[PDB]
Amino acid sequence: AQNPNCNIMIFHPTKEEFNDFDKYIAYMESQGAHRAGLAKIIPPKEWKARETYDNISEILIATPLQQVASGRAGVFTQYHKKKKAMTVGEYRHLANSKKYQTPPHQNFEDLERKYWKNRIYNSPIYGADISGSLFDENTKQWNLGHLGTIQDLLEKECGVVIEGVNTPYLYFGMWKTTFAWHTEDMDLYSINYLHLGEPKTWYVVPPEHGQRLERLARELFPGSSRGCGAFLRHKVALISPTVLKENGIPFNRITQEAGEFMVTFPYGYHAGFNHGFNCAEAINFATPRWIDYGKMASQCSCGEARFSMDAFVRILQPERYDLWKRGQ
Ligand SMILES: O=c1[nH]cnc2cnccc12
Ligand SMILES: [Co+2]
Ligand SMILES: [Zn+2]
């Protein structure tokens, strides 16, 4: 068995190896990369996402989200308060203001300490889930807007044509902006490219130990757990590495820097935070290996969890479809 400790692996593809996306994901998995739930891919030195990021200030963040926390420092929930629209230019200025800027710190470790100590006492603003792409049309390798669609993968594996499209999303971050503990919709893969700016720190639980995190989450968020069988789908729960360690939950951490890809694997619970102003692009994808995870994925049917999903539940989980559809 490759990667038995479930360590987060870092890959350095050659330009030749960067030419076939599916092939390289399969290669990574042949080395046990998936067992960690998360992998870093450093692109070839001659590769670039686009020419410059000098012309992105006029992008609109239609609904910036202020992330308001409740609970204790190491165990909290966050809700999203809608704010008025602003451009990326205006958001960048806000991120860099005294109120929101990254504080002085010695290193990544110091910054992590400051995040978990202080996160709940501030409410940063996040430009999340903006449909669009910053990859240049002429970028032919690992262009997140030119990946094979999940609908086409499902069709190729299961022989059924389905409706739906899947397109990339942009995420404009600032210091303390947070992504809560979750797996992807239908336990899909995700790929995330950090286009520009300050780093993003990730935490991840190995897929083979996902149910351990769920069990702890039910204990730590008893109210939310009673309300919904798969409340982590709401993407509101944060648990610190110190608390995970106290409870014996296996996990790993890694910091992603500008110009680097991260891939999350089926049923790999993950969470994290941004160091400062940055922009990431992400999309879900599937491989043949995903199908069996899709079949087993837990669903939020309470209504809280946030189009393409219909067909995946309909085909892969026909028994769950009616009840799930009532929640929607
Ligand atoms: O960077 C991220 N921002 C918001 N949500 C996420 C969910 N999963 C992974 C990364 C992110
Ligand atoms: Co995710
Ligand atoms: Zn729910």
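FYI, the numbering just counts along the sequence from 1. Values reported hereafter were calculated over all heavy atoms of this structure, with side chains retained and with hydrogens, waters and symmetry mates removed.
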Verify whether one side chain among [X] and [Y] offers a donor that lies under 3.5 Å from an acceptor in the other.
{"X": "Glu184", "Y": "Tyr293", "value": "no"}
{"X": "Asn252", "Y": "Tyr203", "value": "no"}
{"X": "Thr287", "Y": "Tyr189", "value": "yes"}
{"X": "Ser190", "Y": "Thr264", "value": "yes"}
{"X": "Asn19", "Y": "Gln141", "value": "yes"}
{"X": "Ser133", "Y": "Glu281", "value": "yes"}
{"X": "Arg92", "Y": "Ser57", "value": "yes"}

[X] atom [atom1], over 12 foreign heavy atoms within 6.0 Å:
{"X": "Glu109", "atom1": "CD", "answer": "no"}
{"X": "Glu51", "atom1": "CD", "answer": "no"}
{"X": "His105", "atom1": "NE2", "answer": "yes"}

With sequence neighbours left out, what residues match [X] under ring-ring contact (aromatic ring centres under 6.0 Å, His included)?
{"X": "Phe261", "answer": "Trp47, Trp142, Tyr193"}
{"X": "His34", "answer": "none"}
{"X": "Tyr53", "answer": "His195"}

Is there a donor-acceptor pair closer than 3.5 Å between any side-chain N or O of [X] and the backbone N or O of [Y]?
{"X": "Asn278", "Y": "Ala258", "value": "no"}
{"X": "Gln317", "Y": "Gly294", "value": "yes"}
{"X": "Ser308", "Y": "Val165", "value": "yes"}
{"X": "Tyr100", "Y": "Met174", "value": "no"}
{"X": "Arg218", "Y": "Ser225", "value": "no"}
{"X": "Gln101", "Y": "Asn96", "value": "yes"}
{"X": "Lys140", "Y": "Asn138", "value": "yes"}
{"X": "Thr102", "Y": "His275", "value": "yes"}
{"X": "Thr77", "Y": "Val236", "value": "no"}

side-chain contact (heavy atoms from CB on, under 4.5 Å) between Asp20 and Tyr27, worked out: CA-CA 11 Å; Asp20 185 328; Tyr27 168 73; over 6 Å; no

Derivation of the side-chain contact (heavy atoms from CB on, under 4.5 Å) call for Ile41 and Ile191: CA-CA 10 Å; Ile41 306 91; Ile191 183 167; 5.7 Å; no

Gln67/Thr177 under side chain to side chain donor-acceptor pair (under 3.5 Å): CA gap, chis, key distance, verdict: CA-CA 7 Å; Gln67 302 188 293; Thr177 45; 4.9 Å; no

Step-by-step salt bridge (charged side-chain N to carboxylate O under 4.0 Å, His left out) determination, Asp292 to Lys295: CA-CA 5 Å; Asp292 285 351; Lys295 292 177 180 163; 3.1 Å; yes

Listed partners of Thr63 passing side-chain hydrogen bond (donor to acceptor under 3.5 Å, both in side chains), at least two apart: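 Partners of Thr63 under the side-chain hydrogen bond (donor to acceptor under 3.5 Å, both in side chains) test: none.
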
Which residues share a side-chain hydrogen bond (donor to acceptor under 3.5 Å, both in side chains) with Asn143, sequence neighbours left out: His146

In one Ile/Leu/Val/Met/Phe/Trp/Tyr side-chain cluster, 4.5 Å: [X], [Y]:
{"X": "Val160", "Y": "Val313", "answer": "yes"}
{"X": "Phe251", "Y": "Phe76", "answer": "yes"}
{"X": "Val263", "Y": "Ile8", "answer": "no"}

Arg113/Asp110 salt bridge by N-O under 4.0 Å criterion: yes

Test ring-ring contact (aromatic ring centres under 6.0 Å, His included) applied to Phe285 and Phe21, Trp290, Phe265, the passing residue: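 Exactly one pass, corresponding to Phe21.
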
For the residue pair [X] and [Y], what are the closest heavy atoms and their distance?
{"X": "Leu244", "Y": "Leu213", "result": "CD2-CD1, 3.7 Å"}
{"X": "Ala286", "Y": "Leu188", "result": "CB-CD2, 3.9 Å"}
{"X": "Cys158", "Y": "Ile291", "result": "SG-CD1, 4.2 Å"}
{"X": "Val68", "Y": "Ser123", "result": "CA-OG, 3.7 Å"}
{"X": "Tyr24", "Y": "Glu17", "result": "CD1-O, 3.7 Å"}
{"X": "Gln78", "Y": "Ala180", "result": "NE2-N, 4.2 Å"}

ILVMFWY cluster membership beyond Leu323 - transitive side-chain contacts under 4.5 angstrom: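 Members besides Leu323: none; it forms no cluster.
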
Near-ring test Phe221/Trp181, centroid separation under 6.0 angstrom: no

Aromatic ring pairing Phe179/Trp202, orientation class (parallel under 30°, perpendicular over 60°, tilted between): perpendicular

Single hit among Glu214, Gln211, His182 for side chain to side chain donor-acceptor pair (under 3.5 Å) with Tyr269: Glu214

Trace of the side-chain contact (heavy atoms from CB on, under 4.5 Å) decision for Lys40 with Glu260: CA-CA 7 Å; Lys40 178 179 284 191; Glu260 302 184 334; 2.9 Å; yes

